[PDB]
Ligand SMILES: Nc1ncnc2c1ncn2[C@@H]1O[C@H](COP(=O)(O)OP(=O)(O)OP(=O)(O)O)[C@@H](O)[C@H]1O
Ligand SMILES: [Mg+2]
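Residue numbers (UniProt numbering), protein chains in the order written: chain H, 1 to 152; chain X, 115 to 210; chain G, 1 to 197; chain F, 103 to 296; chain W, 14 to 329; chain A, 49 to 194.
Below, the structure is given as structure tokens:
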């Protein structure tokens with residue numbers, strides 16, 4: 001999968017696109033636009049070149065319920081290989097505002113389509129921190145600190 | 115530089131038919147160094163517009179200024195096959 | 001019959017590696033899909049059959065609506081098997097799957113294969129019933145794995161849903177032992193039942 | 103192993119829902135354990151290293167696979183008596199424990215004995231407080247064997263000499279293992295306290 | 014092939030083989046579904062191939078650039094865990110993605126030498142040194158293959174043995190007529206013996222002396238005897254147009270000659286592409302001398318060079 | 049012949065032949081995917097290669113800094129170029145072959161130096177042995193060289 005991933009640089013095209021998508025799907029009030037993040041990966045420096053919206057729903061009553069379109073990803077990947085040769089699915093973004101534990105479950109399914117470990121790239125749509133809004137994550141597995149329960 | 119060749123006028127013409135008003139934005143990214151220079155918009159001039167002087171109705175009801183990035187290149191197609199009008203940039207505050 | 005979208009909930013469990021239908025149940029449930037998919041087309045060629053799984057850790061979308069039987073099976077080959085039914089959860093994702101469609105004239109129905117008893121609750125299922133009949137979604141339960149060694153309380157939800165609907169709700173018993181799973185659902189009402197106003 | 107290697111080739115596409123390559127790895131682990139008991143420690147370790155390679159290149163493997171591999175690796179360091187090496191790899195078994203039956207009541211009490219003994223005699227351990235707080239050693243302290251064994255572990259955690267030295271006298275007579283590490287254990291409490 | 018053998022009939026009776034027939038059906042239905050699985054995966058994939066081939070079509074068709082391959086470099090493929098190039102870049106392991114495997118050095122007709130990431134539909138296999146290749150005009154990549162260059166004058170040069178001068182219409186000239194046979198005609202015809210014995214074949218010959226001694230005559234005749242593919246070249250004829258196109262012509266000539274053997278390649282009056290001084294300025298006519306040199310080298314390259322004979326003439 | 053045990057038997061032939069056939073047909077359907085699969089990769093890689101874009105070879109005329117070099121190109125002209133952080137600067141030294149973009153004029157990557165064929169053939173293979181007493185009359189002159 002990938003064992004080379006230290007940092008993710010993000011171009012401001014990607015940060016703006018995600019921002020636009022949230023506001024052009026009409027998804028607000030702590031509901032989720034989730035999209036695929038496109039660009040080179042399987043490198044220490046991951047660079048995300050582009051992004052596009054995916055159809056996505058969530059119900060906050062039970063987060064073990066969500067809608068992800070299986071047709072749409074394949075079709076978009078085919079198109080995206082033509083425009084630049086950089087572009088391939090290297091994760092999925094979440095629109096924040098925080099890291100929910102509901103984000104593991106989605107990441108679990110997302111591993112199948114990807115050719116690497118998928119990345120969970122949080123882009124916050126309301127601005128935060130003295131530091132960046134944008135904070136990147138990778139799914140790894142490890143033993144806890146109670147010496148019990150190996151949790152992803 | 116930003117100009118148009120014959121082949122691109124043929125491409126231009128059919129967007130004009132599809133959508134009455136439409137623009138062509140032409141990016142030359144290797145004479146660009148401020149991310150904004152050598153980028154202009156262009157739009158077809160009709161053949162009726164030249165002969166009956168209905169070409170400069172676009173100099174009226176606007177700023178009426180045209181800012182050149184290539185003096186030599188724009189002026190050539192400015193009578194021949196296009197009229198150029200200046201480009202502007204925008205964002206909302208969320209974007210900024 | 002005509003213009004109908006049907007979300008197949010197909011369970012893949014620890015009760016389905018049993019071989020009461022040849023050569024296990026996984027292999028007989030592959031054969032159920034083909035007959036169902038063709039039949040719909042025979043009534044109306046603009047019918048779409050979708051697929052989700054009540055199986056694994058998290059129920060998920062295996063395939064979306066499509067006019068091809070090929071794509072639906074393509075998605076089913078890689079399913080979990082370690083899980084059990086989660087019946088309440090299945091219904092809420094299937095409702096979401098039936099929202100996204102090419103056209104909305106299509107009937108809303110859910111048919112759920114039961115191989116395994118609920119891992120959820122009665123408290124949950126009571127709620128689901130009131131939820132469904134507002135949106136005219138039928139519950140149609142093919143049971144064949146909650147009657148093998150078990151009892152079902154799902155009879156109650158069928159009747160609570162059934163009113164004049166787009167598709168009526170009915171319970172379809174298929175023996176748990178050999179009777180050839182695939183022909184029994186094909187023979188029994190799955191388009192012979194239709195709605196009314 | 104020969105029956106699982108034939109089976110798998112047709113059945114991966116035949117069920118079309120199941121896998122059967124998972125099973126082969128685990129058999130190698132059991133084969134490695136049998137060699138350790140038999141006292142052919144080298145035969146198991148080189149089997150175990152080749153098995154290690156395969157596991158790292160997979161990421162979809164069950165939680166059962168990791169549980170058999172670490173258990174087997176721990177028994178290797180216990181034959182060799184590498185105290186430090188045992189402590190950490192037994193901690194990795196504890197994490198990968200399944201609610202599923204793949205343990206007995208015997209095994210809990212016996213890992214608890216072997217952990218405590220290794221810990222005392224490590225050269226770099228200071229995970230005495232980490233053990234105390236852990237379920238395993240918590241439940242059995244009321245039996246005679248694990249009574250002192252708890253109180254030795256506890257007196258080190260807390261740097262305390264009055265309880266520690268009093269215990270050490272008893273264990274020279276009682277246990278001959280700890281009758282030649284007498285010098286080690288007294289240096290160790292002082293080292294942590296410093 | 015053969016179903017219900019003698020053996021199955023004794024073993025199991027007809028009634029039993031009915032129960033056998035039913036079990037078979039159930040398993041035939043299982044396999045039958047897999048065919049629908051497999052058909053589909055095949056159907057989508059065809060669609061993908063044609064969707065690509067449509068994008069290619071526009072770039073690929075004529076017009077494009079003509080170039081020559083200097084050499085196929087054969088740069089490394091894979092020595093890292095990411096990309097296919099020595100340097101570590103963002104991409105991942107493929108022929109083309111951001112990864113670059115093999116590459117080749119071409120000399121364009123646009124007067125540039127381009128080292129380029131290699132395409133998917135042109136491989137290094139499909140090349141050899143000194144092959145003419147179509148390179149896309151706008152971005153420089155090997156786009157499609159072409160056969161080797163052919164020129165109108167080169168094509169003409171092969172076959173001109175008639176007029177024939179023989180040795181019955183050339184009065185005397187011995188020792189030299191005998192000497193010419195020994196060098197040329199005699200090993201050309203008994204070529205099989207010369208391999209077996211292990212002696213070398215003469216590595217060409219030089220005939221020289223004041224003009225009007227009848228050198229031109231004797232070389233033409235030499236060729237009549239042996240019935241061979243006679244190529245004639247003359248040092249001002251060989252050079253044509255830009256002087257960097259002079260080098261292709263020598264090579265072209267010798268490509269033809271060695272095929273359809275026996276042959277004689279006779280190069281007349283060498284006094285300006287075989288000068289002794291390197292002071293008289295030449296830069297393109299220098300490459301002409303060098304590509305003359307390859308030919309001699311491959312005579313030495315056969316051991317016994319019976320098949321390919323060369324003759325040379327000069328005035329001084 | 050004429051009994052009904054034969055009429056029953058012929059039908060079972062169909063049942064077993066189809067069982068086996070459907071198996072020979074699984075193997076065929078698989079091969080049809082694998083055949084398409086290669087063909088797919090070659091046309092696809094082609095499009096990605098166009099987007100990568102050619103380069104122009106040169107060589108260091110003179111190292112000026114540790115991230116910036118001065119070069120001479122084989123197009124004629126001399127440039128002062130930058131160097132990408134992909135490529136090593138140890139493998140860059142004065143006189144070494146390089147290949148640099150026509151988009152930004154930046155050395156992208158190493159071009160290992162092109163071997164000159166003649167001297168290279170002789171480096172590669174050993175030209176030896178010749179025996180001392182296999183040479184006659186120059187025998188003194190071999191020794192003198194030692
Ligand atoms: N030895 C000869 N026997 C017969 N005729 C001769 C002889 N030598 C010269 N001639 C006549 O003179 C003519 C002119 O001489 P020719 O062209 O053969 O000279 P050459 O030595 O081959 O020239 P160059 O040095 O210019 O290549 C010949 O065509 C032939 O008719
Ligand atoms: Mg002559």
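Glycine included, each C-beta is placed from N, C-alpha and C at the ideal position.
**Message:** Is residue 245 of chain W a contact residue of ligand 2, with contact defined as CB to any heavy atom under 6 Å?
**Reply:** Every heavy atom of ligand 2 is 6 Å or more from the Cβ of residue 245 of chain W, so no.
**Request:** Rounded to whole angstroms, what's the CA-CA distance from residue 152 of chain X to residue 154 of chain F? Just pull it up for me.
**Result:** Straight-line Cα distance between these residues: approximately 59 Å.
**Message:** With three or more C-beta pairs closer than 8 Å as the rule, is the stretch 94-104 of chain G touching the stretch 62-69 of chain H?
**Reply:** Counting Cβ pairs under 8 Å, three or more are found: they touch.
**Per DSSP, cross-strand counterpart(s) of residue 103 of chain A** = Paired residue(s): W:128.
**Request:** Pull up the distance between the alpha-carbon of residue 171 of chain X and that of residue 157 of chain X, whole angstroms please.
**Result:** Near 13 Å, if we compare the C-alpha coordinates of residue 157 of chain X and residue 171 of chain X.
**Prompt:** DSSP beta-bridge partners for residue 149 of chain A?
**Reply:** Under DSSP, no beta-bridge partner is assigned to residue 149 of chain A.
**Asked** Would residue 96 of chain A count as contacting chain H if we go by Cβ distances under 7 Å?
**Response** For residue 96 of chain A, the answer is yes, since a Cβ of chain H falls inside 7 Å of its Cβ.
**Prompt:** Name the chain H residues that come within less than 9 Å of residue 54 of chain W, Cβ to Cβ?
**Reply:** Chain H residues near residue 54 of chain W: none, gap ~13 Å exceeds 9 Å.
**Item:** N- and C-terminal bounds of the beta strand (DSSP E) containing residue 84 of chain W
**Value:** Taken as a continuous stretch (DSSP letters only), the beta strand (DSSP E) holding residue 84 of chain W covers 78-85.
**Item:** Beta-carbon spacing of residue 53 of chain G, residue 84 of chain G below 7 Å
**Value:** The Cβ-Cβ distance between residue 53 of chain G and residue 84 of chain G does not fall below 7 Å.
**Asked** Alpha carbon to alpha carbon, what distance is there between residue 75 of chain H and residue 60 of chain W?
**Response** Residue 60 of chain W and residue 75 of chain H: Cα-Cα distance of roughly 12 Å.
**Message:** I want to verify the contact list: residues of chain F whose CB lies under 9 Å from the CB of residue 77 of chain G, in sequence order.
**Reply:** At a C-beta separation below 9 Å, residue 77 of chain G has these neighbours in chain F: 115, 118 and 119.
**Asked** Does ligand 2 have even one heavy atom less than 6 Å from the beta-carbon of residue 177 of chain W?
**Response** Flag unset: Cβ of residue 177 of chain W not near ligand 2.
**Request:** Please list, following the chain, all residues that have a C-beta closer than 6 Å to any non-hydrogen atom of ligand 1.
**Result:** Per the Cβ criterion, the list is W:183, W:184, W:186, W:224, W:225, W:226, W:227, W:228, W:229, W:230, W:281, W:282, W:326 and W:328.
**Prompt:** Mind checking if residue 143 of chain H is an interface residue toward chain F, Cβ cutoff 7 Å exclusive?
**Reply:** Chain F contact via Cβ: present.
**Prompt:** How would you label residue 53 of chain A, buried or exposed, when you count the other beta carbons within 10 angstroms and need 16 or more for buried?
**Reply:** By the neighbour-count rule (16 or more Cβ atoms within 10 Å), residue 53 of chain A is not buried but exposed.
**Item:** Three-state secondary structure assigned by DSSP to residue 143 of chain G
**Value:** Note: residue 143 of chain G maps to strand in three-state DSSP.
**Request:** Would you check if the stretch 47-58 of chain W and the stretch 50-65 of chain G touch, i.e. whether three or more CB-CB distances between them fall below 8 Å?
**Result:** By the criterion of at least three beta-carbon pairs nearer than 8 Å, the stretch 50-65 of chain G is not in contact with the stretch 47-58 of chain W.
**Buried/exposed call for residue 204 of chain X, threshold 16 Cβ in 10 Å** = Around the beta carbon of residue 204 of chain X, a 10 Å sphere encloses fewer than 16 other beta carbons of the protein chains shown; the residue is thus reported as exposed.
**Request:** Determine the DSSP secondary structure at residue 167 of chain F, reduced to helix, strand or coil.
**Result:** Note: residue 167 of chain F maps to helix in three-state DSSP.
**Prompt:** So, do the stretch 184-192 of chain G and the stretch 148-166 of chain G have three or more beta carbon pairs nearer to each other than 8 Å?
**Reply:** Under the 8 Å Cβ criterion, the stretch 184-192 of chain G does not count as touching the stretch 148-166 of chain G, having fewer than three qualifying pairs.
**Message:** DSSP three-state label for residue 110 of chain F, please.
**Reply:** Looking at residue 110 of chain F - three-state DSSP - the assignment turns out to be helix.
**Asked** What three-state label does DSSP hand residue 176 of chain F in the structure shown?
**Response** Residue 176 of chain F sits in a helix when the DSSP states are folded into three classes.
**Request:** Using 10 angstroms around the beta-carbon of residue 151 of chain W, count the other beta-carbons present and answer buried if the total reaches 16, otherwise exposed.
**Result:** Around the beta-carbon of residue 151 of chain W, fewer than 16 other beta-carbon atoms lie within 10 Å, marking it exposed.
**Request:** Run the CB neighbour count on residue 61 of chain H, radius 10 Å, all protein chains shown included, and call it buried at 16 or more, exposed below.
**Result:** It counts as exposed.
**Request:** Would you verify that the beta carbon of residue 114 of chain W is, or is not, closer than 7 Å to some beta carbon of chain H?
**Result:** Residue 114 of chain W does not count as touching chain H.
**Rounded C-alpha distance that separates residue 125 of chain F from residue 132 of chain F** = Rounded to the nearest angstrom, the two C-alpha atoms are 11 Å apart.
**Item:** Beta carbon proximity, residue 49 of chain A to chain W, threshold 7 Å
**Value:** Output row for residue 49 of chain A: interface = no.
**Message:** Using beta carbons (cut-off 7 Å, strictly below), is residue 81 of chain G in contact with chain F?
**Reply:** True, the Cβ-Cβ gap to chain F drops below 7 Å.
**Asked** Quick one: is residue 99 of chain A near chain H, going by C-beta distance under 7 Å?
**Response** Yes, residue 99 of chain A lies at the interface with chain H (some Cβ there is under 7 Å from its Cβ).
**Asked** So, is the C-beta of residue 96 of chain G closer than 7 Å to a C-beta in chain H?
**Response** Answer yes: the Cβ-Cβ gap between residue 96 of chain G and chain H drops below 7 Å somewhere.
**Request:** Would you list the one or two residues that DSSP bridges to residue 130 of chain H?
**Result:** Residue pairing by DSSP places residue 130 of chain H in no beta bridge whatsoever.
**Rounded straight-line distance, which links the Cα of residue 131 of chain W to that of residue 63 of chain W** = Here the alpha carbons of residue 131 of chain W and residue 63 of chain W stand approximately 22 Å from one another.
**Request:** List the DSSP bridge partners of residue 37 of chain H.
**Result:** Residue pairing for residue 37 of chain H: DSSP places it in a beta bridge opposite H:51.
**Asked** Listed from N- to C-terminal order along the chain, which residues in the stretch 1-31 of chain H have their beta-carbon within a distance smaller than 9 Å of any beta-carbon of chain X?
**Response** 16, 19, 20 and 23: these are the residues of the stretch 1-31 of chain H whose beta carbon lies less than 9 Å from some beta carbon of chain X, given in chain order.
**Prompt:** Can you find a CB in chain F that lies within less than 7 Å of the CB of residue 45 of chain H?
**Reply:** No, because no Cβ of chain F sits closer than 7 Å to the Cβ of residue 45 of chain H.
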